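S.K.: Sequence plus experimental coordinates follow:
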Amino acid sequence: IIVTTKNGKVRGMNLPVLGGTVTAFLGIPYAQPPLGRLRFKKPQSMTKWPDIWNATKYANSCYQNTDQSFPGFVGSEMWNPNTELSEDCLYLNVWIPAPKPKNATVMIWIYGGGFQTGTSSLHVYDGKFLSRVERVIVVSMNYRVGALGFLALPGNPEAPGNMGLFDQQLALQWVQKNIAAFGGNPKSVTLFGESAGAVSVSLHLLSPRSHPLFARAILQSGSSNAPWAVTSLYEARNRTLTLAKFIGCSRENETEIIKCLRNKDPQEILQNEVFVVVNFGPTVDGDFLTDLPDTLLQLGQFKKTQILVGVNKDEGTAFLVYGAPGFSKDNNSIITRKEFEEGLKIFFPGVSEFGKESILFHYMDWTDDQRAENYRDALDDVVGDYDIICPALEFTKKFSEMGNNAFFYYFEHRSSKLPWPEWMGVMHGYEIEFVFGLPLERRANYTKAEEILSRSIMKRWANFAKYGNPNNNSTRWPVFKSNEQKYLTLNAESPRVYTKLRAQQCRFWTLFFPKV
Ligand SMILES: *[C@@H]1O[C@H](CO[C@@H]2O[C@@H](C)[C@@H](O)[C@@H](O)[C@@H]2O)[C@@H](O[C@@H]2O[C@H](CO)[C@@H](O[C@@H]3O[C@H](CO)[C@@H](O)[C@H](O[C@H]4O[C@H](CO)[C@@H](O)[C@H](O)[C@@H]4O)[C@@H]3O)[C@H](O)[C@H]2NC(C)=O)[C@H](O)[C@H]1NC(C)=O
Ligand SMILES: *[C@@H]1O[C@H](CO)[C@@H](O)[C@H](O)[C@H]1NC(C)=O
Ligand SMILES: *[C@@H]1O[C@H](CO)[C@@H](O)[C@H](O)[C@H]1NC(C)=O
Ligand SMILES: *[C@@H]1O[C@H](CO)[C@@H](O)[C@H](O)[C@H]1NC(C)=O
């Protein structure tokens, strides 16, 4: 099982997957290690090796602070890295079906994590089931996060900004030059990702030099037009200078502020990263991204192709348990009105006190919901609608006004193995295990219905990658058009077709709230 690339030969391994076999290549380098003078710089093309690269084990994860908000709790630690942390982390993984195909569709996964955390070696990102069941080739790459991936000085090639996004772009370039040798069709590539990875996929749609590197796109719970996605270039010069003051590298000569940072330790950078305020994420760098995503969308400046977008029913709950008063994973988080208004101050830092009164009126005082859970559920809807759902709906509507086919889903199933409490519902991030087919292993002790639901989701995802349409006697997933705006619910009982998701709420965020 040796495949010959353009930089050398790589060895793989065969995995027993669901009574069959899947060939996996874990840890193929796609760029020179960004060590020394290459730190904070854009990735350089990988050098050649005459030997055989073994690629039989998940490579290193990029340096990142780990989540320690809930010690020992699996619901938080399942997202922490599971390999050694090092700056030498620019590697990718490939999963080829067995027997080897000849022109298989390729699906490339881009993990999320607020552009500060994440790795492709997580168990929930294991592509072997998807390659087995749907006979697609699955690719995933590690890209730099935090300051080491998004430290920005305007126009300074020592730290230009969006380095982590260029890491993804170079990994897409590797697929165009090498996936044919593995049995994949370089003209049938689909990008899919979740949260910050969905922001990444939607930024590749807005980056012209990425257009020829893929065919279609899938956005799970994220889009680059979200309020938290992209900063301006001056906003990114600040924070970069603020970090320099905290770490002790303040210079009046800018290009040598980076020479001081290149000689600090990676753990030293991570400890001062958090004191700056997404502290180091995508910016309008003028190279990868030339304008704010909302401007590029209004100008029609994006790749014209099909997209598949969707959100989960309870997007906001995961946000609230990490920094909102009254919320806890150890009780029902029944909050008072005072705690509600303090939650708005956290998630709406600059808005006025009348702006917060507008939110409270449209989500609470406009109706008669006198349940004890009113303020709690409404604050989940406020954060979910403002930060995830309504931006994703606006992204899909823009692609539809221009005449591109789009498909929208509404995930409603809560995993029977969800470790978080019940008040959090269908959380941000917990559709991924159904997309990657984890309920198919009967030893994982998912319900039989969850295995069926997972096979359905994997089929719809793979159909969209292969044919540009997720759809047969099953419930048809209609096209999302700008007028009717039909979407499909994803659940274990019976998927339903509805129209205009959260329409009243999104009309408040896009038509009325900007005016207060
Ligand atoms: C759900 O849980 C949250 C989180 O609380 C934490 O988990 C709980 C399961 C429980 O173990 C808690 O003890 C634990 O902190 C609850 O929200 C927290 O509520 C507590 C009070 O119950 C708040 O702590 C208090 O805050 C005040 C500062 O504004 C201050 O007056 C208090 O200190 C005084 O009183 C204590 C006695 O409690 C005394 O020891 C001190 O010396 C002092 O006099 C006290 O620190 C937390 O700030 C709250 N947390 C947040 C994030 O807001 C929540 O109430 C609970 N909900 C339900 C419905 O049960
Ligand atoms: C690569 O894998 C082969 C086959 O298992 C093994 O013989 C070899 O030792 C490995 N290479 C290294 C450097 O360990
Ligand atoms: C794969 O399909 C593309 C069109 O999608 C075609 O141009 C190409 O020749 C095919 N390659 C192989 C190896 O079958
Ligand atoms: C970043 O911006 C804040 C707000 O204007 C300012 O006070 C601070 O000095 C800036 N940080 C710099 C220039 O390092």
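M.R.: Good, I have the coordinates. Numbers count the residues shown, from 1 in each chain. Ligands and ions are numbered 1, 2, ... in the order given.

S.K.: Show me where the stretch 201-350 of the chain has its helices.
M.R.: Secondary structure of the stretch 201-350 of the chain by DSSP state H, counting those that start in this stretch: the helices cover 233-247, 257-262, 266-273, 293-298, 317-320, 337-347.

S.K.: List the buried residues of the first one.
M.R.: For helix 233-247, the buried set under the neighbour-count rule, 16 or more other Cβ atoms under 10 Å, comprises 233, 236, 237, 239, 240, 241, 242, 243, 244, 247. Bear in mind the C-beta positions are built from the backbone N, C-alpha and C, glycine included.

S.K.: thinking again about what came up before, kindly reformat the helices of the stretch 201-350 of the chain as TSV and extend each row with distance to residue 45.
M.R.: Formatted as TSV, the helices of the stretch 201-350 of the chain follow (distance: least, Cβ to Cβ, whole Å):
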stretch	distance to residue 45
helix 233-247	26
helix 257-262	21
helix 266-273	23
helix 293-298	28
helix 317-320	38
helix 337-347	42
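
S.K.: Can you get me a residue count around residue 161?
M.R.: When counting by other Cβ atoms under 10 Å, one arrives at 32 neighbours for residue 161.

S.K.: For the residue nearest to it when sequence neighbours are not counted, give me its contacts.
M.R.: In space, and not counting its chain neighbours, residue 161 is closest to residue 152: 3.3 Å by Cβ to Cβ, 6 or more residues apart in numbering. Taking Cβ atoms under 8 Å, 6 or more residues apart in numbering as the contact definition, residue 152 lies against 159, 160, 161, 162, 233, 236, 237, 239, 240, 280, 283, 285.

S.K.: Tally up the residues packed near residue 224, please.
M.R.: That count, for residue 224 with other Cβ under 10 Å as the rule, works out to 27.

S.K.: That one reaches residue 197, doesn't it?
M.R.: No - here residue 224 does not reach residue 197: they are 11.3 Å apart, not a contact under Cβ atoms under 8 Å.

S.K.: thinking again about what came up before, output the buried residues of helix 233-247 as TSV; include the columns distance to ligand 4.
M.R.: Converted to TSV, the buried residues of helix 233-247 look like this (distance: Cβ to the nearest ligand atom, whole Å):
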residue	distance to ligand 4
233	13
236	11
237	8
239	7
240	8
241	4
242	5
243	9
244	8
247	12
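
S.K.: Now tabulate those residues in CSV and tack on distance to residue 189.
M.R.: Supplementary listing: these in CSV, determined by distance: Cβ to Cβ, whole Å:
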residue, distance to residue 189
233, 30
236, 30
237, 34
239, 34
240, 33
241, 38
242, 38
243, 36
244, 39
247, 39
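
S.K.: Point me to the residue sitting closest to the centre of the chain.
M.R.: In the chain, the residue lying closest to the centroid (Cα atoms, centre = their mean) is residue 197, at 2.0 Å.

S.K.: Distance from the chain centre to whichever strand or helix holds that residue, please.
M.R.: Assigning secondary structure by DSSP states H and E places residue 197 in helix 196-204. Distance of helix 196-204 from its chain centroid, counting by Cα atoms, centre = their mean, to the nearest Å, is 6 Å.

S.K.: Ok, stretch 84-94 next?
M.R.: For stretch 84-94, the distance to the chain centre is 18 Å (Cα atoms, centre = their mean).

S.K.: Quick one: end-to-end length of it, please.
M.R.: End-to-end distance of stretch 84-94 (Cα to Cα, to the nearest Å): 20 Å.

S.K.: In it, which residues are buried?
M.R.: Neighbour counts over stretch 84-94 (16+ other Cβ under 10 Å) mark 85, 87, 89, 90, 91, 92, 93, 94 as buried.

S.K.: With respect to residue 398, which of those residues is nearest?
M.R.: Proximity of these to residue 398 was ranked by Cβ to Cβ; the top entry is residue 92 with 30.6 Å.

S.K.: Report the beta-bridge partner residues of that closest one.
M.R.: residue 28, residue 141 (DSSP bridges).

S.K.: Quick one: neighbours of residue 289, just the number.
M.R.: 21.

S.K.: Tell me who's in contact with it.
M.R.: Taking Cβ under 8 Å, 6+ apart as the test, what residue 289 contacts is 162, 165, 203, 206, 207, 230, 282, 283.

S.K.: 10 Å - rerun?
M.R.: Contact analysis of residue 289 by Cβ atoms under 10 Å, 6 or more residues apart in numbering lists 161, 162, 165, 203, 206, 207, 224, 230, 233, 282, 283, 296.
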